[PDB]
Amino acid sequence: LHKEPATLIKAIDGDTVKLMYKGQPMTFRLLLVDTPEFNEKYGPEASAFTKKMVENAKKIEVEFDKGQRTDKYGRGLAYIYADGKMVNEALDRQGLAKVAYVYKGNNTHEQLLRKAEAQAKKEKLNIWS
Ligand SMILES: Cc1cn([C@H]2C[C@H](OP(=O)(O)O)[C@@H](COP(=O)(O)O)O2)c(=O)[nH]c1=O
Ligand SMILES: [Ca+2]
Ligand SMILES: [Ca+2]
């Protein structure tokens, strides 16, 4: 996989963010994770965590997997890095997201994210309280 530079437009919620990518606005849905909806428990906490992570990044990178690049709503499907730290993994590790929507094409970082989830689970963090 390869990391491509992108710039922030706006945070949306825990697992969705609007970036400029190749000079076009594009909403991105985070691969392999599901943060609670904003209107659910831990949703606000997930939204704030992702927002803080992307707004404080000097550098944002988009990393597509080997399968489909866009979902049925036209959102890019990617791993998103903020100063070299993967937002998908970070949410997982804090128990603000769970591993989800695991599809065969697009699962390069599955074991890593499950590893993160297991640690959050062990620590009974947030969602795993
Ligand atoms: C992570 C991911 C989500 N999605 C779609 C499935 C869900 O659409 P459906 O609601 O029609 O089932 C949606 C959930 O993400 P959001 O909740 O941010 O919209 O994103 C994919 O299609 N592939 C993916 O890899
Ligand atoms: Ca979302
Ligand atoms: Ca979600």
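These values consider heavy atoms only, across backbone and side chains, with no hydrogens, waters or symmetry-generated copies. Along the sequence shown, residues carry numbers from 1. Numbering of ligands and ligand atoms starts at 1, following listing order.
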Problem set entry | Distance from atom 11 (O) of ligand 1 to nearest protein heavy atom, with residue and atom | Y73 OH, 2.6 Å
For this session: Look at the N, O or S atoms of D34, main chain and side chain alike, and state whether any lies under 3.0 Å from the Ca ion (ligand 2).
Result: no
Exercise. Is any side-chain heavy atom of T35 closer than 4.5 Å to a side-chain heavy atom of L91?
Worked result: yes
For this session: Compute both the distance and the angle, then confirm whether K3 meets the cation-pi test with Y81: under 6.0 Å from the six-membered ring centre, within 45 degrees of the axis.
Result: yes
For this session: May I ask you to identify the nearest protein heavy atom to atom 24 (C) of ligand 1, giving residue, atom name and distance to one decimal place in Å?
Result: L77 CD2, 3.6 Å
Exercise. Side-chain contact, heavy-atom cut-off 4.5 Å: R75 with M26?
Worked result: no
Problem set entry | Ionic contact status for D15 with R29, cut-off 4.0 Å | yes
Problem set entry | Residue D15 vicinity, atoms of ligand 1 by number, heavy atom under 4.0 Å | 18 (O)
Exercise. Side chains of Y79 and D65: does their closest heavy-atom pair fall under 4.5 Å?
Worked result: yes
Exercise. Can you find a pair of side-chain heavy atoms, one from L8 and one from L19, that are under 4.5 Å apart?
Worked result: yes
Problem set entry | salt bridge (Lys or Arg N to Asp or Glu O under 4.0 Å) between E89 and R93, intermediate numbers included | CA-CA 6 Å; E89 189 189 11; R93 180 59 182 85; over 6 Å; no
Exercise. Is the shortest N/O to N/O distance between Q68 and ligand 1 below 3.5 Å?
Worked result: no
Exercise. Strictly under 4.0 Å, does any heavy atom of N106 approach an atom of ligand 1?
Worked result: no
Exercise. Quick one: nearest non-hydrogen protein atom to atom 5 (C) of ligand 1, plus distance?
Worked result: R75 NH2, 3.9 Å
Exercise. With a cut-off of 3.0 Å, does any N, O or S atom of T16 fall short of it relative to the Ca ion (ligand 2)?
Worked result: yes
Exercise. Taking non-hydrogen atoms only, is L30 closer than 4.0 angstrom to ligand 1 via side chain, backbone, both or neither?
Worked result: backbone
Exercise. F38 versus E40: any side-chain heavy-atom pair under 4.5 Å?
Worked result: no
Problem set entry | For the Ca ion (ligand 2), the closest N/O/S atom belonging to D15 | OD1
Seminar exercise, completed: Nearest non-hydrogen protein atom to atom 6 (C) of ligand 1, with distance, is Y101 CE2, 3.5 Å
Seminar exercise, completed: Taking every heavy atom of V87 against every heavy atom of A82, the minimum-distance pair comes out as CG2-CB, 4.2 Å
Exercise. Considering only the protein, which heavy-atom contact is closest to atom 21 (C) of ligand 1, and what is its distance?
Worked result: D71 CB, 3.9 Å
Seminar exercise, completed: Among non-hydrogen protein atoms, atom 15 (O) of ligand 1 lies closest to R29 NE, 2.8 Å
Exercise. Which residue holds the protein heavy atom closest to atom 12 (O) of ligand 1, what is that atom called, and what is the gap in Å?
Worked result: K72 NZ, 4.2 Å
Exercise. What atoms of ligand 1 come closer than 4.0 angstrom to any heavy atom of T16?
Worked result: 18 (O)
Exercise. Would you say the side chain of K66 lies within less than 4.5 Å of the side chain of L1, judging by non-hydrogen atoms?
Worked result: yes
